Amino acid sequence: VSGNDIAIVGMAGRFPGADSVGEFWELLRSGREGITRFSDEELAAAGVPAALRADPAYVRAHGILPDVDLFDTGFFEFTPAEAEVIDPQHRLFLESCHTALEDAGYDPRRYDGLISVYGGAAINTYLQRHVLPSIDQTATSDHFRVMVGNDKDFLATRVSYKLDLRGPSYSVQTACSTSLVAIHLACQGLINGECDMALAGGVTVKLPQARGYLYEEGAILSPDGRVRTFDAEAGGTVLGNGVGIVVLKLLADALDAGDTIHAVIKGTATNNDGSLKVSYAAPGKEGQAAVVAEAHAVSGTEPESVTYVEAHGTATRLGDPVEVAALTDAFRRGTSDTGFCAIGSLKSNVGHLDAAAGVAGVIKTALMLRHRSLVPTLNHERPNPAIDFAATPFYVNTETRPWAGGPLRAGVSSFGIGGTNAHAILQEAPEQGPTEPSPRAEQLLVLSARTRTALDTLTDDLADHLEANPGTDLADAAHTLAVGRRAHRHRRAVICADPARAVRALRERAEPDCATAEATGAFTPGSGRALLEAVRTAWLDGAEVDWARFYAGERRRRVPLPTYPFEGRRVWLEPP
Amino acid sequence: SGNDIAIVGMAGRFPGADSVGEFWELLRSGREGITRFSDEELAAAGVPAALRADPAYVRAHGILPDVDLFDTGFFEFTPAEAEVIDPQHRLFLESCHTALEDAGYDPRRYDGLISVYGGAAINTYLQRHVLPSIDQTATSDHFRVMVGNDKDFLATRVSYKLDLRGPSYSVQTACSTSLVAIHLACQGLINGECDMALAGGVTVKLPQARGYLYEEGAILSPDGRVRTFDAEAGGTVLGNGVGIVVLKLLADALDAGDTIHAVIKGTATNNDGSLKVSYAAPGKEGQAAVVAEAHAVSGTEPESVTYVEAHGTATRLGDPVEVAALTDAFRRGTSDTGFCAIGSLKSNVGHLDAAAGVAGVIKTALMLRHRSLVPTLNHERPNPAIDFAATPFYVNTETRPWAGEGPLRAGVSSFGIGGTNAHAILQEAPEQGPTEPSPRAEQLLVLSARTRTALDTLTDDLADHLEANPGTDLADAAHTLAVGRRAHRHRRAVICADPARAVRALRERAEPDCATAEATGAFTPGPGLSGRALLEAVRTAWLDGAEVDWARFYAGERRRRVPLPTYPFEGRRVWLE
């Protein structure tokens, strides 16, 4: 019932070793590491000097993303000369915001409400390494061009401009807690009625990607390129590039709209440690415990009911104990029970994603809730002896297994250098009844893209999806493809009764089940198969169809389906 | 009521005005703070003879003096640590400190949660100074650079160095940054996430002693003037600046006896989206919507608003869009015309980028407290693309009393490249009766500093202030100096009956009225210890370094926190060459 409850109605991201939220789930539930480890030859080839590579403390590991130089300038209406000055972090952020809205099933141009954007980016390496050496900043307009392309202030607002979002749009920046803070601020804006839907998250793309790092005692990075969270041999973390976006709405609104709800954010808290700690970069035990206890209080969730925590996970021998002690302190304010809450960290799989780390935590946890599954934390052989886990609420889960009990509830932590701490409580989505039966025997599935090759990719992606998710309601899918996707020039449409037949029709591409065309004015039908055929023919010929009116009265849902397969060209200023 | 926020303190530095006090004087006087350089001065700053001889070169910039000077000892940095820090960050930290001192709050003897919200302009120090000086091969080197220079550490550094435990965020929305920060702070206060907030922003573009090439279709003026609302508006001029406001819920400020400069009745933000012709264009529709929303959330009828501090950049297209937008929003509530003055401090000091919004709020809070309008500069002929007579608005060009039937109210706008708009409604502070007389015969004024020289400067500054403001209530000033200042190692304390005798004792520096020491238990005056013996005992203990509970010492009296001179930072050069 609660006015504080926020639904996650869509998500998107790209992570080391996992180029989509769906692939991230597969990585996690398989217990796989997504960090790349380079050969010495690869690093020579990327230009790392032999002298640095030969240092026995040099570690050949980094979490990287494929294709961060490719950008679909056609799709986003940029010329290549405009786009090449823009930080790839900003480009990736834009693509992921678009993807997330598609995942949620919304076309902003048809949404009756205000959409906000809250996000942040890691430090910009593109500006120095690529932009400055190539662009003369003498004229005011060239200096402006560079600033707008590269300063963090333009990250979120570019998305608002390009996707036509008219709620508040902010870049928020708090170092490693950035994307969870963005989610906190997005939730407050929703609760306090400033927007009706929000995009929140963050991005990190540090360049060059193909590079290791020099192990240094006293700095936060691990000596072997592994992240051994909670383990006796915890020795530091490994950095990774990534991006994540969540789409958020009040729970009541999501339920009324028939959105897919992946999880509910019950509540979120933030604070700062102030000066209570040994240095600016050190963790703050009292600040951490206070943020968790405050998150419990504002969520109305008793600690006994929380049975997974996604830790911040410094994976240091000294930091992991502070994190667990702070958590233990917060939980002990509401229970004396022990051994009931699993604790884990996706950093063990993919590294520390900096600005994207908080939203990555929320995405993992929402996936866990949706699949009702715990997953392993990696590299965990012996628990850190400084943590008497058995005296605490917590145990380290190292197997994929069911998450049983609920409603299931979890905590997510994100703590920054500088001491602004965040904690969120998530709860499993509520049971909804079955979807309403369709008044038609068959459904019309519409697909469109800017190019014939993208259309073919969409067509095969949708087939793989309906194969893999055979229980998908076809009427809800059809509705989502109609109301939740912009209509482009190259068009294909299938008429069939269920997902299995759709797979075949999409793969075979023959009439009369499948029809194709490269695209007049509005078409409004004046029943049965002929109804679907007449709408199909008009739409394929480029008529504008009012899908909202076609589905009027059915209470269709929006459901996650494959999203636009961006076709980038290389958009990069080369280093000299 | 529940949405009302009090501005209880402020600090800043602006082109031609190195404090909020000097900024008032500049505005009241109708003076321009933008510096116009001679060709000599610019050769001296090292601008090429070539650029200097180009007919399109404009020799103007709003600058701040001695941004290479930082009191490393006071803020517990080594010079090595500090020189890697963006001077924008240093300045923001300094002004945050100053703002708290102005409001009368010592954050280390403070029971609640203080938050910080702010943003910084693009970092030019990093490119010109930091990167050419530091090899970043080692992780710890990369971290030193990042932590000194990324926007992420602007606010949190303050929380760490000043011990503030509310949430602390950097927020960045280009030209609207500091007004968005103010909006988020107000929301934090209303939501109960903190009980006092610092909000603002900072711009320090380098090098400072440099003009620019005028270019058609870019946003800068061809003559180095900012001719807001004028027919000759031709662009803006950039300036460096910093501003911070200290915010609390109104009811708490009234309960505490804080000095209240103005009340923020409500704030709103939005984004233009794509409802305008380009990313960089001003958005009439979004601007109108943010103003109208600010009126709705604050419960403010447009006809009750009699000044607006416009975003007011003086671009050819900007100015008519801004006025049409405001007129759109106002017309939703009233058809009246000619009742609301409009102005822009950008005409005096340029476009302060991240600090522009907070600068607007400060100007407007100053107007409200002094009950005075002030000129907008360079205004000779209204832009004929704006038929002002058909709108609520007229351009005010005179310093004069601001008066009205209902409480004075004003709007403040700030609009950013990229379309995130903000507008705030401010109202005059409520009436307060006279401050409650102390029944004590004498007050105890304390002063402390990190160095003997700073102590001597504070002592003279206080004497000066009490001489120039001889109506200052001595008990309120004693209270403020006690509860609103951290006690440092070098200490001085005067016992006196009134301000004039305080002035004498501070200047003569002689026992028994004045005593000085270098500072260790707690000292609690026993019952019955009264009058002069009480003050001598408290003085002696405090001078020796004992912890005195000042709240206890003043607990029988309703005391106020009032604006007094703040710490005289003693910078040394901190600049990576």
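Heavy atoms only: backbone and side chains are in, while hydrogens, waters and symmetry mates are out. Lettering follows sequence order; numbering is per chain, from 1.
- Rounding to the nearest 0.5 Å places OG1 of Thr267(B) at 7.5 Å from CG of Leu179(B).
- For the atom pair CD1 (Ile123(A)) and CG (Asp87(A)), the distance works out to 11.0 Å, reported to the nearest 0.5 Å.
- Rounded to the nearest 0.5 Å, atoms CG (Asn241(A)) and NE2 (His352(A)) are 13.0 Å apart.
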Exercise for review: Kindly indicate, with the supporting measurements, whether the criterion side chain to side chain contact (heavy atoms under 4.5 Å, CB included) is fulfilled by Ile244(B) and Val358(B).
Suggested key: CA-CA 7 Å; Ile244(B) 299 293; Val358(B) 60; 5.7 Å; no
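- Here the shortest heavy-atom pairing between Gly202(A) and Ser179(A) reads N-CB, 3.7 Å.
- In this structure the side chain of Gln288(A) never reaches within 4.5 angstrom of the side chain of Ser413(A), judged on heavy atoms.
- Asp196(A) places a side-chain heavy atom less than 4.5 Å from the side chain of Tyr111(A).
- Closest approach of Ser177(A) to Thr420(A), counting heavy atoms only: OG-O, 3.0 Å.
- Considering all non-hydrogen atoms of both residues, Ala185(B) and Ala199(B) come closest at CB-CB, 4.0 Å.
- Among residues two or more places apart in sequence or in another chain, the salt bridge (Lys or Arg N to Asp or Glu O under 4.0 Å) test is passed with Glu193(B) by none.
- Between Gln89(A) and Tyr126(A), the closest side-chain pair of non-hydrogen atoms is not below 4.5 Å.
- The minimum heavy-atom distance between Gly3(A) and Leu250(A), with the atom names listed, is O-CD2, 3.7 Å.
- With sequence neighbours excluded, the residues that form a side-chain contact (heavy atoms from CB on, under 4.5 Å) with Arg157(B) are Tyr280(A), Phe77(B), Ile85(B), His89(B), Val147(B), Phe153(B), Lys161(B).
- Proximity of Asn271(A) to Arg165(B): side-chain heavy atoms (C-beta onward) are nowhere separated by under 4.5 Å.
- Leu154(B) and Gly118(B) make their closest contact through CD2-C, 3.8 Å (heavy atoms, listed as atom of the first residue, atom of the second, distance).
- Every pair passing ring-ring contact (aromatic ring centres under 6.0 Å, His included) that includes a residue from residues 168-198 of chain A is listed here, sequence neighbours excluded: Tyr118(A)-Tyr170(A).
- Residues satisfying the side-chain contact (heavy atoms from CB on, under 4.5 Å) test with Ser159(B), not counting sequence neighbours, are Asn272(A), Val116(B), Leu164(B), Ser168(B).
- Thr237(A) places no side-chain N or O within 3.5 Å of a backbone atom of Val227(A) that could act as its donor or acceptor partner.
- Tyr564(A) is listed as a side-chain neighbour of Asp72(A), based on a closest heavy-atom distance under 4.5 Å.
- Taking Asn3(B) as the reference, nothing meets the side-chain hydrogen bond (donor to acceptor under 3.5 Å, both in side chains) condition, with sequence neighbours excluded.
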Can I get a per-line list of side-chain donor-acceptor pairs under 3.5 Å for residues 6-25 of chain A, giving both atom names and the distance, sequence neighbours left out?
from, atom 1, to, atom 2, distance (Å)
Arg14(A), NE, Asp19(A), OD1, 3.0
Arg14(A), NH2, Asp19(A), OD1, 3.1
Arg14(A), NH2, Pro66(A), O, 2.4
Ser20(A), OG, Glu23(A), N, 3.1
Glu23(A), OE1, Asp19(A), N, 3.0

**Study point:** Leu92(A) and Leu65(A): CA distance, side-chain angles, deciding distance, side chain to side chain contact (heavy atoms under 4.5 Å, CB included) verdict
**Key:** CA-CA 10 Å; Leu92(A) 224 71; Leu65(A) 295 175; 3.7 Å; yes
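- Of the residues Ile183(A), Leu199(A), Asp103(A), the one that meets the side-chain contact (heavy atoms from CB on, under 4.5 Å) test with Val246(A) is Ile183(A).
- Ring centers of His371(A) and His262(A): at least 6.0 Å apart, outside the cut-off.
- In this structure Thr178(A) satisfies the side-chain contact (heavy atoms from CB on, under 4.5 Å) test together with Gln173(A), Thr174(A), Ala355(A), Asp152(B), sequence neighbours excluded.
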Check your understanding: Passes side chain to side chain contact (heavy atoms under 4.5 Å, CB included), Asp354(A) versus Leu239(A)? Steps please.
Key -> CA-CA 8 Å; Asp354(A) 194 336; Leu239(A) 302 180; over 6 Å; no
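- The closest side-chain donor-acceptor pair between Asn192(A) and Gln187(B), if any, does not fall under 3.5 angstrom.
- For the atom pair CD of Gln427(A) and CZ of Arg409(A), the computed distance is 4.5 Å after rounding to the nearest 0.5 Å.
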Donor-acceptor pairs under 3.5 Å, side chain of residues 361-370 of chain A to any protein atom, not counting sequence neighbours: which ones?
from, atom 1, to, atom 2, distance (Å)
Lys364(A), NZ, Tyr308(A), OH, 2.8
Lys364(A), NZ, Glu310(A), OE1, 2.8
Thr365(A), OG1, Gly361(A), O, 2.8

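- By the 4.0 Å N-to-carboxylate-O rule, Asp5(A) lies close enough to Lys266(A) to be salt-bridged with it.
- Partners of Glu323(A) according to the salt bridge (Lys or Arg N to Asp or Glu O under 4.0 Å) rule, which considers only residues two or more places apart in sequence or in another chain, do not exist here.
- Put simply, OG1 on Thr269(B) and NE2 on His423(B) are 12.5 Å apart, with the number rounded to the nearest 0.5 Å.
- Closest approach of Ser345(A) and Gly313(A) over heavy atoms only: OG-CA, 4.2 Å.
- Applying the side-chain contact (heavy atoms from CB on, under 4.5 Å) criterion to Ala281(A), with sequence neighbours excluded, gives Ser279(A), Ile417(A).
- With contacts defined as side-chain heavy-atom distances shorter than 4.5 Å, the pair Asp150(B)/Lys152(A) qualifies.
- Looking at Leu185(A) and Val171(B), their side chains never come closer than 4.5 Å, going by heavy atoms from C-beta outward.
- For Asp253(A), there are no salt bridge (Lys or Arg N to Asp or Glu O under 4.0 Å) partners two or more places apart in sequence or in a different chain.
- In this structure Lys347(A) satisfies the salt bridge (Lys or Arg N to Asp or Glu O under 4.0 Å) test with no other residue, sequence neighbours excluded.
- Residues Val203(A) and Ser96(A) form no side-chain contact, since every pair of their non-hydrogen atoms from C-beta on lies 4.5 Å or further apart.
- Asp273(A) contributes atom CG, which lies 10.0 Å from atom OH of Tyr160(B) (distance to the nearest 0.5 angstrom).
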